[PDB]
Each structure stands twice: as C-alpha cells, then as structure tokens.
Asks: 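The structure's right below; bear with me while I get my questions together.
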2 protein chains.
Amino acid sequence: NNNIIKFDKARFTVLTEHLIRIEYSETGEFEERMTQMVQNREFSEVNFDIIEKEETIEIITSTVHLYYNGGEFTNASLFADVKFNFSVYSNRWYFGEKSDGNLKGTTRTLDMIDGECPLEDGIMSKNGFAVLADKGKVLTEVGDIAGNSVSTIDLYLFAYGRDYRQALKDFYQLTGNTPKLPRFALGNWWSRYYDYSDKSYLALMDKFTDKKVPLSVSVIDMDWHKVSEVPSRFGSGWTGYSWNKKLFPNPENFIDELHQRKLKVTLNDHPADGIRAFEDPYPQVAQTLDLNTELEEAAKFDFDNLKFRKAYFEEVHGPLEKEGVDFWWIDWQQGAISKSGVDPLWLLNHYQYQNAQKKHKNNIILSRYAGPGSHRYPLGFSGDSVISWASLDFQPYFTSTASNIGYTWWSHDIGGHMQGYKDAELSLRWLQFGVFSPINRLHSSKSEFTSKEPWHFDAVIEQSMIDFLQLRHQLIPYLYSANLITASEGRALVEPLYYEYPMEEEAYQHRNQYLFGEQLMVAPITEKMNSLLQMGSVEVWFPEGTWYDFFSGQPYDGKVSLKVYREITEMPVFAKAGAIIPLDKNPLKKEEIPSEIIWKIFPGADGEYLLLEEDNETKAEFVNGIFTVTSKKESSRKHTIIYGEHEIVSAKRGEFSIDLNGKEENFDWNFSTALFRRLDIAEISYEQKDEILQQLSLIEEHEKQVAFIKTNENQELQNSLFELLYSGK
Amino acid sequence: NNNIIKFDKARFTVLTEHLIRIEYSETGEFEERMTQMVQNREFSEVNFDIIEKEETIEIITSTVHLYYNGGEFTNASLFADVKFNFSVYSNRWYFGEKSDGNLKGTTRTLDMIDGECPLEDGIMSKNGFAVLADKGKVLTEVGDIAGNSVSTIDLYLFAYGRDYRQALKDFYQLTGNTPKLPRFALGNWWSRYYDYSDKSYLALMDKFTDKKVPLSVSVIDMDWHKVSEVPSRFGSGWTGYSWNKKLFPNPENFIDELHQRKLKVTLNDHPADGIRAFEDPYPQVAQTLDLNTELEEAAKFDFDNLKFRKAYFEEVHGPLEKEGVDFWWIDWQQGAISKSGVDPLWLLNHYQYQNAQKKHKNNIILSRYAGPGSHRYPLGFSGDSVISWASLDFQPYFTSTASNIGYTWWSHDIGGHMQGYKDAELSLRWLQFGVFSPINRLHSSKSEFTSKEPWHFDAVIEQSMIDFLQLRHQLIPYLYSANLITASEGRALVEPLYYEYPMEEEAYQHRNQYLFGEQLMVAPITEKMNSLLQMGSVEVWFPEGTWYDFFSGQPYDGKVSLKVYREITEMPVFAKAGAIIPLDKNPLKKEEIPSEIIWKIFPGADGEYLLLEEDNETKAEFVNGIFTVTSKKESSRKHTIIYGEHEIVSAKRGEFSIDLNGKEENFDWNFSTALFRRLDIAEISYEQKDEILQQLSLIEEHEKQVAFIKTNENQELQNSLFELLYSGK
Ligand SMILES: OC[C@H]1O[C@H](O)[C@H](O)[C@@H](O)[C@@H]1O
Ligand SMILES: OC[C@H]1O[C@H](O)[C@H](O)[C@@H](O)[C@@H]1O
C-alpha cells in the first residue's frame, strides 16, 4: 500500500528495489487477481523515492528511474533509465520498444528444427533491465480462467543489473516456485515411436536389465492405442484413448509387469481430435456431455469447457490410470486457437499438472512450453528435433538459456527425434549431453532405423552408451538434491556461465558451456571429431582457480580459454579444487534411496556439499584436509570416500570424520601417458608421431616444448598438444 | 489566389508549371503556416488550365494532368499523367503508390553501414515526376513547433521531367535556400576519438604545421568531458558537459592556443542523457528548471520544452562558448522518440543552427540528416561508417545522390569510422575522395590503430596524403565560390552526371562519377589496385568534347566510356578544353583571403570562371586566346597564370589582359613516357614488358598498335594499354 502509487490512469507497485509492476486502467479499477503468469504479488516492503508534480511522476530505486508523463502509455510517455553503466546508450527502456542486451529465454518447441531457432526474450539482460508483459487472463481463487484483466496493460520492469540469480529468485516469487520433481523423473527414460506388443516391450525392458542399463521410466508411444484400426470416416488414428488389443490384450497386467520392474509408466496423449464415437470411453463421455450418439457426435477437444475437462480426466484418463498409468505425456502440436483466447497447451499443462497430484505425490506431466510461468507444470518436452550435429550443437545453449525465463526442466529427445542422418558418434555425443541435462529421455521417430538402444551400435559405441546411462543413475542423488534446491530456493540445475561470472566477458562467449548444480562445469562436444586426431574438441573457458577433469583428474589452471580434445567415448566435465560430488555406489539396484554413497573429493582446497533427500539432509565438509559427514537423522547408509584417485574408506556406517592431509592428493593423469595415447590414435604419419614423442620427451624446458609444437604443420594437432602441455605445466 | 483551386475537401496550388501543392481538410480549413519542411509558398503566377465538372476536376500545366474525382484521397480518386514519354507506362502517379524511376535522395546516417544502405526517395525521377509528402508539424512566425497542420494531407507533386537543376532550385524556393558556409568549413578538419591532453593535442597541431599539412578545424571528441570519472549510479559517461580536468586543467587557455594557430574549435555533444547531478552546470540548470537537487533529479533531454532548450543553450553550451568553443558537433544516435512526434534530431539541428548564429556570422553545426528541408542546418555528419573498400565504393554515389533532396554538405569520416580492416591504400583512396567531397574531415574510432595522421603510414602513403591535404586548401577559393552559388542560386557543389547530361544513358551508369563545381569532373577509384598492374582503375564516361586529366594533362576525346588506370598516389579528375580553375598559391599561409591566386587554364576552347569572395567578385575570361582578369573592387592580390603546362605570368597585381595564342598550348604528357612508366611498375614478366615496349615503339599505325595489344593474354593490361593508345590517338 505504501509500495503502491497511482498517477493519472496508471498504477505502479514497487515490489523490490529492482521490480516494478506498471498498470493502465481506463475504468480506474486495477487488477488484484492472479493471472496465468503471476501467482503472488506479496513482497516485503522496500525503500524508494517519488518526485510527483502536476503533469509527471518519477519513481527512484537503487537501480532505476521510472518516468510517467501522463496520458496513454507510449514510447514517449512511459520510459526508465537504469542506474548502471553496462552500455554507453542502451540504459533506457521505452514502452513498446526493444533494447539490446536481452540474453533470451526459450520457445514452445523444437518440432521440425534442424539446428538453431529464434528464442523469446527472458528477464536477463547484459544491460541490466527487461520488461515482462503480463498479457494473460485472470484466474479465480482455485485457478480457473476468470476472463480479461481490468489492468488492460500490466507489465513487470526488472532492473536487477547483472544479479541474474536474484532476478530469477524474485521471478519465482512473482510467478510461483517450480514444484519438486519426484526422484524417478531423474533416471533414464526409454521411449520409441514403435508398435511394441506387451511381450516385445517387456522383453526390451528385460534386455536393458541384462545389458546393465538402469531405467526409471517406460514411455509407451501412440501405437498403444488404435491407429490403422480407426475407420477413416472418423479422421486419423493420431488421437486415441482405446488400447490396441492385438498388442496389449491385458493392459493392467502389462502395467503391473512394468511396475514389478520398478518402472513408472506414461502413455502418449494426442488430445486434439477429442473423443470420437469409435472410442472405448465414448459411451460414458457421450452420456456425461449429452452427445447425439446416433449421429456419432464427437466430444471435440475443448479445455475451456469445465464439463469436457471433467469427462477427460474422470472418464478418459481415469480408466487408464486405474489400469496403472502413472502420469501423462501431453503431446499437443495443433495450434494456439480457443474461443477464450487461452492457448490450449496452457490449459492442458495447468489442468493436467493439477489433476496429476490426485493419484501421486509431486507427480509430473511431459509437455511443450506454454509461456512465462508454465515452469509450474514440469516437465518440458521439446519435441521433434531434426537428427543432426546442428541440432545437438544448439541444444546445450537452448537448455542453459531457458533458465533465463525460469523453465529449468527441459526434456529433449536424446539423440534427436526425426529425419536428419545416421552417425553413431552424433548419437553418443547426444547421450553424453543428455546425461548432463535436466532430463535423460531416449526417444526417436517412427523409422525402423532410429532406435536409441545402445546395442543398435558397434561394440565401442554400445559400451560407452552403457557407461553414460549407468552414470546418469550414479548422478541421481546430486540431481535430486539440486531439484529440491530449484523448488525451495529458485536456483536452476543448469546455469549459463554468466550467472556465476556476470562481469567476465568470456562467460558470454561459450554458449554451450554451463554449470550443472554447484560442483560441476560441463563443456559438451557437439562437433564431429577431426579424423586426423580421432578426437572431438570444444573451446573451454576455465574461470580463475584450479579445475580437474571430473573423469581423468587432468588439471587446468584458470583463468584461461583453451581448446580441449576428447575421444568420442569421453566428455569434458570439470570440478574445482575442493569439489565434493556424491554418487550412488549401486546405480543398478532398485533402491528408493541409496543404501551406499561414494563421496568424490577433488583436492587442493576446502569445500562442502549438502545432500538433500526425501527424508534427510547429509552435510559433507572438507576443511584443512579433514572430511566430515553428518546427517539430520541417523541411518544404516554406508559411506565410501574417494580422495582424488584413492578409495580411503569403504562402506562405513553413520556419522564420522577422517584426516586426508597425508593422503595422496595427486591424481594418476600424467602428461606422458596422455601424449602417447593422443599420438597413438591419430591418423597421421608414423614419422610425425615418432618425432613428436622423441622431441617432447627430450626437451626439458616447458617454453621450448611449446616452441617445438608451434612448428607443427597440423594446426589442430598443435592445439591438442598445447592442451596437454598447458595441463602438464 | 488565381493559382489556388478548391474542389470537394481538396485544395490545389499551382506554384510553378511543374509544382502543385495538393491538400485535404475534413474541417474545410487549409494550412497557411510554414512546416518543418516548407518555409515559403510565395511563387510568381503561372498559366494553367482547369476542366471542372460536377463530380471531377483536371488541372493542366505544360508538363502534367492532375485529376481529382472527389471524396477521400485514394489511388483511384487522386492521380496524374505527365506530358512526357520517358517511359512506356510509368507516366502515371497514383496517390499512396510508388512508381519506377526515382533517382533517390539520402538517409539519416551511415552509422554501422558496411558498404551500401537503402536511401529515401528524392524529388528527381528519370520518368519526370516525384511526390514529396509534407508530414511535418506547423511552425510559428519565429519557427517554434505550433502543432498539427489543418491540412491533414499536404503533398507537393513535382513534374519537372529531367530538368533536375530547376526542380532543385524550386525545392530551395519552397523549403528555403541552403545558408552560406563560412570559409573555415572548407579546409581540413582534424578529429579522433582519442583521450588527448591539452598538451598532446597542441603538440599534434604543431606536428601538422611541421609536416606542411594545413588545418582549418580542431575537433575535440567526447574524451574532453568526464567519461570513466562518472559514477555508475548516474549511467554512462557518453553524455558530458564537464571538462576532464586531468586532460584540460585550463580549457579557455587551451582554446586560446588553438585560436592563436588560426583553428576553429568544436566539441562533441552527446545530448541524450541531459544534465545529471554530477555535472558542473547542474546547480545552475537545477535552479532554472526547479529540479529536486537532494533527490539528484536529472534535467532529462527534452528539446520540445522551451525552458530546457534555454537552459541547454545559455547555462550548458553558454559557459563552454565563453571558454572559446566556436560551434557544436551534435552527435545524436538515441532514436526518433518525443511526445510532440517531432524527431529530437530535427529539434536539435533547427534550434542549434539558429542559436549558433548569435556568437558567429554564417556559423554551422555538425549533425546527422533530419529529413527534407534539414539542408537549412549545415553541415551533414554521416557518422559511424565501417572501414572497408565497400563503404568507400558507396560514398561518392551517396554524396552526389544526396543533391536530389538538396542535402549538399555531407561530411563523411574520411578513411571510415570504425571496425573493418587496415589497408593504407584504402585510407589514401578515401582521402582522395574526401578532398573532392563537400567537406574534408579526418575522423576515426576509439582504436589505438585507426589514426588518420599521414605519418601513421609508410613514406609513399604519407607524402601522397600530405599532397592531397595541401590540395584541399588550394581548392578553398573554388569551394567557397561554389558555396556562395549553393546559397544564392540553389546549385549543388557535387552533382550527379545526369544534372548536366539528362538525356545521355551513360550519365546514369557511372554511380561514383560526378561534377565538382562547374569546371571539374571526378571519377574516384574505390577498388583495391590490381597487383599485376600496380594500379587501380574506374570506368569513366567522357561527355562530348576534349577532356584533360586535371593533374597530368593526359587528353581524352569524348564521347567515350573508357577504363582508366592510376597509381595509388594519383586520382582521375578531369577538366574540359577551356576550363579555368583558380587555386590558392599559398595554401600553408594563415590568410583570411588568398594574397595570391593561380589561374590554371586548359587550352583548346574559350571559357570563364567567376570567383565569388566575402568582399569581391573576380571574373577570368578566355576568349580567342585572350585571358582577362577583372574585379568589382581593386586589391593588392597578385595573380599567377598557368596556361596548360607553363607559368606565363607570376604575381602580377590588379586587373589585366594577356594574349596566349602563340603560347605553348600542349601539355608535356606523352604516350611514350606514360607507356614506359606503366610497364616499369607492373608485376609482370620482363619478357612481356620488353616485347610490349618494342612492338608499340616499332608499329606506326594506331589501328595496328591496338591490334597488337588486343593479342595480350592479360585482359586488364590490354585495358591499361588501350587507355594510353586512346589518349595518344
Ligand atoms: O506420438 C507420435 C509422435 O507424435 C509427435 O510427433 C510427438 O512430438 C513425438 O514425440 C511422437 O513420437
Ligand atoms: O564521441 C564518440 C563517438 O560517438 C559516436 O559514435 C559518433 O558517431 C562518433 O563520431 C564519435 O567518435
């Protein structure tokens, strides 16, 4: 109320020093109701100043001057100067105009996208301000669409400068926090647009077990329902709510079998053709909606209609949930048209997410992005990406940049959805990224040739995919703790580099590089390997400090930008001196919570990690070479400790503390072994290999080893040898 | 009043046989006030005819039929047929529609343009008509913005056919003539976006003197004011009105020192962030504008506001003008937004140009183009061109085409502003064009690497730049006389070829070729030299008549299109038989008016030149080999005469006449010397050089010399040798 100012037909609410709501009302009434985007305008009071005259008003905070000259909002009447110097003359917002500096957000979908597509703006800007227009409908108390806002213009001016994390936290306070995911969502999902039988699906699930690949989720795509069995007078088989009985003669029994294998089960739902007269639930729906059954009147999709939504959840989904379906894959691609003006995809995500909470605690959906605030309905489903290096090269940037509009749970089809071209190396690189993405869901097109099964590929590719898929389940504790941090504290699992390093120009120059939780920095390789090196590469920016390759221990002295090379089976993931990462020791075990945690410690500095769980909190501290583990509640959990290289403690129960000062701090990784391996795999001349090995062995001074490699005629081989010299310096 | 016709809600004013004002008024009131564009609708009466019926009206002049069918102006209701056959079916104007043939005009700026950008239409068309919409606000008697015209549509139909010069003269009568420039504007300007001190700036000015480079103007860019010293709470240091005291501890003394060196002084003004609380004039401005100083209320830029404009001119510029600032570089790039709907750049140019007349007679500004009529506020400042061959290749066309909307004083950054790439040959070619452009202002970016100082470059490039910079000061008499002709007679200094040769197709095919005053035709080279020839080239159209290279005397028989080759140190500039060009003999002397004029005469025909000056008129006549000089008033001025090659008279005082009939008419230039030089510099085989020299020396018949060069395997060498044979024919 002191944070509220009316002037002419406008209303201004100073929510934080850095966040102002700006409204216009012809009627003099302004909007207090929630909207599709905004769930909460309750914020603690803040200091600001006002200069009010007859004709004009200026609102002044620590970061912004907002001016209003009266009348209708125009670029001339409503504008703001930030109190920052990030630019020479892009420090002014004008109503209705775009400025430079927006770091972007996300978009609905990657359907049919081969590589890059345009993104919407987010709330983050290098120049320190962004405007988020609220164009949505108002809600009722219980979250039904109520109609048009009486605030016919309703904007949020963000003026956080480059405090991106606080901008995002306050956005979550305005639009509501992301809910907690359930632990099962963070495991591997299996999916394929393939007409499995109950028998061939269970045989595939048992082959995953036999192949030592853990799964959390069993997706059944659209061939679960009638497709070619649909008479053409009704249109296509794309939408379906009736089991194909040939393939699934006893659905509940099939779902019981997946449940006995400790899998959660989801079905594809294409809702757009509604419930037509051939469907199994049609007689019930027709009775509830008073349809003309002798004229075979369809229950057309209509999520604006309360009776339709009830029949959809109770009489269409209800019978399938009773057969054991755990959650819904909402797969909408049929446009944004409704008589209400609300995007049907928005109505589906909002209502289905709420309905999912009835059957299961912290339940999810799987659906496309439905605009600002739709993070309240995880998980994101990016859809029909084209299978290409260009698509993979876009995806890490896409994923990290989405955190800028608070949409932090994108599930991409890992390996790409459709079209494009076969390349087992592309499939393996894509799975490496997926394992270090918010969700790891293997999925593919209707092709006989696009299965993401590891054993589709040669023995090298298969073993590497199996190792990465196991690593995903090892990461579930770290992922689930970051998930609770997203839900409780408004911090993204995947952050662009500029969230941690806002003032470092290099944090804006590595689009595909990101922080993954608080302990790991990932630089996926998204380019086909150089056949002369038998290695792929990516330019990595190393922030100030000592960094270790998470897998090898190879060290890097920051701050530096350095091209790094990896075999197709290895991924650039880095941890700082002092990093502590927990890993499940038993990733193949079907355990609700890990019976055994490996604490992986990176030497050379202090650190700590807080492991949040369903029913506990465990703190791991590393302070002057003393490692301590405590928990809120006690348990039988057995702790394993790995300090750099060496397993120090194995399966020790309860709370404890152990001194690692005089333990071996150094990893195995050495310049000589790594040099030999890189030269050995290279498809270069044996004379060159022999000369490089002899000269780098005989030349003692680091500066002369570098001078030697600088004479090499292969420019990319120079860069690979320079990486090793830089790490071995 | 007889030249005025009302019909339905329309008003038509026949201003010339070739110019009709077309107005629409809902209210039946039509607009008599001046607008931002139009200063004068007083024109002498002309004959025309009217066919008026109940429903329709036709106005008939010597060149156009204008029809109006009544009602609202639409493409169907308002249209015109020209009485010309320049096209088969583009001879009709339709209201609101574009036709072919417009020869274009100019645009606001070359900021961030690498090469070509789109231009606005001008008033010139190959098909003989153009419409100039007046969309501006009305003015008061004294030239303040009065608001919206009551003529809610106000157009000028030009139907001059290809009498382009008369179209432009009548446009100047409608919109007001260009003012006279002061003589100092036509000299060399020094500018660099560089943080000079008072000491390093004067040392640079004294280095120009020592290097024999004359300057008229000393520009001080934005580092004159506080930049990094501005607290970030106020935004950037881009706008500033406070001297940086480290660099300029005594500003008035520094400006007195430039004034003692006979330089005019301008400062960069970035007006867009107005006068903020840290500035030195802020306490005065705050008092005048009743600002809240304890809340550090900014005097935001507002040129719609009379009190703001007064405080800006009196309390912000005023104290700097008293320190000695001669005129203002208005450097606006922050958009076209104002509550009035008037472009802030327009308000700045109109008001600053008027305010500049208080301190100095015929004073100037330096600012971007602000639309039709803004020629009333010279000089044009094109801004942040990209440093490239593509940008230089665009600039002569840009400059000549601007005359088509009467904007004849463009000042380009000579050598290009920013980004792009280093090439000393590009810098030298750019300076050659600049010397033959309306204004010769050297300027460059904030780079340590972009200085336009001649001694930045090697000895060859340096000497050539020094020779061109001296030539600019030799040209000041010719430039200042053309300036008075622009102001008094509405003729551009720089004309496209089609102004003189409207019916010659070739005058439309040499975009970069132009007339420079009445005596010189310029074809700048704007392409990197061919390294095999060690020469650059340009295709020149030579109109009917005998033409001489202005520098060498090399002759050309028109009419012909011919590729001409020059070393990087030489520029294609041509004069007709009979041409008389005055040159200052003492370009390095700091003389208000030249004490000594060289009259350079090209033989083979009669001619004359009228030298207009501040306080005199001198006529030079060349009639059957008799050269006479007379003046309105007498003086001590000493005249030197150069007839072709030879200095005939040296430093002869007062009026006189001398017979040159039996003086040597022929220049030195000869085929043999020129051939030897071209072969000698070429990076071709010595066997080829030897064979070409021997064959062209031994073959006597011109047609067989041409047949010989036609067999040469080097196509561009053929063209170079053909130029020499054509000149030596
Ligand atoms: O259900 C069949 C297919 O439908 C749509 O194209 C989905 O976006 C895709 O994920 C799915 O495999
Ligand atoms: O004042 C610094 C710079 O500002 C703008 O970019 C001007 O257009 C340029 O001419 C100047 O050097």
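Numbers restart at 1 for each chain; the letters A, B, ... are given by sequence-line order, proteins then strands. What's counted below: heavy atoms across the whole structure, side chains too, no hydrogens, waters or symmetry copies. Indexing begins at 1, ligand by ligand and atom by atom, following the structure's order.
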Asks: In Å, rounded to the nearest 0.5 Å, how long is the span from OH of B:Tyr407 to OG1 of B:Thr107?
Replies: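 If we round to the nearest 0.5 Å, B:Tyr407:OH and B:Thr107:OG1 are 11.0 Å apart.
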Asks: For A:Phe449, does the CZ atom sit with more than 12 other heavy atoms under 6.0 Å from it, leaving out its own atoms?
Replies: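 Atom CZ in A:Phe449 is not crowded, with 12 or fewer foreign heavy atoms closer than 6.0 Å.
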Asks: With only distance considered, is A:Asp384 within less than 3.5 Å of ligand 1 through an N or O on each side?
Replies: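 N/O-N/O distance under 3.5 Å: yes.
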Asks: Identify the heavy atoms of A:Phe184 and A:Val217 that sit nearest to each other, and give their distance.
Replies: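 Scanning both residues completely, I find the closest heavy atoms to be CD1-CG2, 3.8 Å.
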Asks: Ring centres under 6.0 Å, that's the criterion: do B:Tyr194 and B:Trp224 meet it?
Replies: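 So the answer is no for these two rings.
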Asks: Using heavy atoms and a 4.0 Å limit, tell me yes or no: is A:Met112 in contact with ligand 1?
Replies: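 No.
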Asks: One residue to check: B:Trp329. Relative to ligand 2, which of side chain, backbone, both or neither has a non-hydrogen atom less than 4.0 Å away?
Replies: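 The answer is the side chain.
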Asks: For A:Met222, counting its heavy atoms only, list the atoms of ligand 1 lying under 4.0 Å from any of them.
Replies: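 Those atoms are 1 (O), 2 (C).
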Asks: For ligand 2, which part of B:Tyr194 has a heavy atom less than 4.0 Å away: the side chain, the backbone, both, or neither?
Replies: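 It is neither part, as no heavy atom is under 4.0 Å.
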Asks: Would you give the length of the straight line joining atom OG of B:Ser218 to atom NZ of B:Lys264, rounded to the nearest 0.5 angstrom?
Replies: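 Nearest 0.5 Å value for the OG-NZ distance: 11.5 Å.
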Asks: Do A:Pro344 and A:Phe301 come close enough that some side-chain heavy atom pair is under 4.5 Å?
Replies: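 Answer yes - side chains close enough.
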Asks: Give the contacting part of B:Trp332 toward ligand 2: side chain, backbone, both or neither, where contact means a heavy-atom distance below 4.0 Å.
Replies: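 Near ligand 2, B:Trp332 shows nothing, with every heavy atom at 4.0 Å or more.
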Asks: Under 4.0 Å from a heavy atom of A:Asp331: which atoms of ligand 1 are those, numbered in the order shown and with their elements?
Replies: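 Going through ligand 1 atom by atom, the ones under 4.0 Å from A:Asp331 are 1 (O), 4 (O), 5 (C), 7 (C), 8 (O), 9 (C), 11 (C).
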Asks: Output the list of atoms in ligand 1 that are nearer than 4.0 Å to some heavy atom of A:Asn268, sorted by atom number.
Replies: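 Taking each heavy atom of A:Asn268 in turn, ligand 1 has 1 (O) under 4.0 Å.
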Asks: Test your reading of the structure: does A:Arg368 have an N or O sitting under 3.5 Å from an N or O of ligand 1?
Replies: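 In this structure, A:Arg368 places an N or O atom under 3.5 Å from an N or O of ligand 1.
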Asks: Can you check whether A:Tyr193 has an N/O within less than 3.5 Å of an N/O in ligand 1?
Replies: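 Checking ligand 1 against A:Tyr193, no N or O pair falls under 3.5 Å apart.
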Asks: Does some non-hydrogen atom of A:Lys446 fall short of 4.0 Å from ligand 1?
Replies: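 Outside the 4.0 Å threshold, so no.
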Asks: Under 3.5 Å between any N/O of B:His443 and any N/O of ligand 2: does that happen in this structure?
Replies: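 Min N/O separation from ligand 2 is below 3.5 Å for B:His443.
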Asks: Going by the atom numbers of ligand 1, which of them fall below 4.0 Å from some non-hydrogen atom of A:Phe381?
Replies: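 So the atoms of ligand 1 that pass are 8 (O), 10 (O).
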Asks: Would one find an N or O of A:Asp221, backbone or side chain, under 3.5 Å from an N or O of ligand 1?
Replies: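 For ligand 1, there is an N or O atom that lies under 3.5 Å from one belonging to A:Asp221.
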Asks: For ligand 1, which atoms have a heavy atom of A:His417 less than 4.0 angstrom away?
Replies: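 It comes down to these atoms of ligand 1: 9 (C), 10 (O), 12 (O).
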Asks: Do ligand 1 and A:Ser444 have nitrogen or oxygen atoms that lie under 3.5 Å from each other?
Replies: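 Looking only at distances, the answer is no, because the N/O contact criterion of under 3.5 Å is not met.
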Asks: Could you tell me whether the side chain of B:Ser191 reaches within less than 4.5 Å of the side chain of B:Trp329, counting heavy atoms only?
Replies: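 The answer is yes, as the side chains (C-beta and beyond) meet within the 4.5 Å cut-off.
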Asks: Please classify the A:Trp238 to ligand 1 contact at 4.0 Å (heavy-atom distances, strictly less than): side chain, backbone, both or neither.
Replies: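 For A:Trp238, only side-chain atoms sit under 4.0 Å from ligand 1.
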Asks: For the side chain of A:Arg441 and the backbone of A:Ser411, is there at least one donor-acceptor N/O pair under 3.5 Å apart?
Replies: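 Side chain of A:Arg441 to backbone of A:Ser411: a pair is present.
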Asks: Could you tell me which non-hydrogen atom of B:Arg192 sits nearest to which non-hydrogen atom of B:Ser447, and how far apart they are?
Replies: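 Answer, listing the atom of B:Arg192 first, then B:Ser447: NH2-O, 3.3 Å.
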Asks: Inspect the contact between B:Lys300 and B:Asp273 and indicate whether a charged nitrogen and a carboxylate oxygen are less than 4.0 angstrom apart.
Replies: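 No, B:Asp273 and B:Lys300 are not salt-bridged.
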Asks: Looking at B:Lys446, I want to see if its NZ is surrounded by more than 12 non-hydrogen atoms of other residues, nucleotides or ligands under 6.0 Å.
Replies: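 Atom NZ in B:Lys446 is crowded, with more than 12 foreign heavy atoms closer than 6.0 Å.
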Asks: Under 4.0 Å, heavy-atom basis, I'd like to know which part of A:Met418 is in contact with ligand 1: side chain, backbone, both or neither.
Replies: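 For A:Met418, no heavy atom sits under 4.0 Å from ligand 1.
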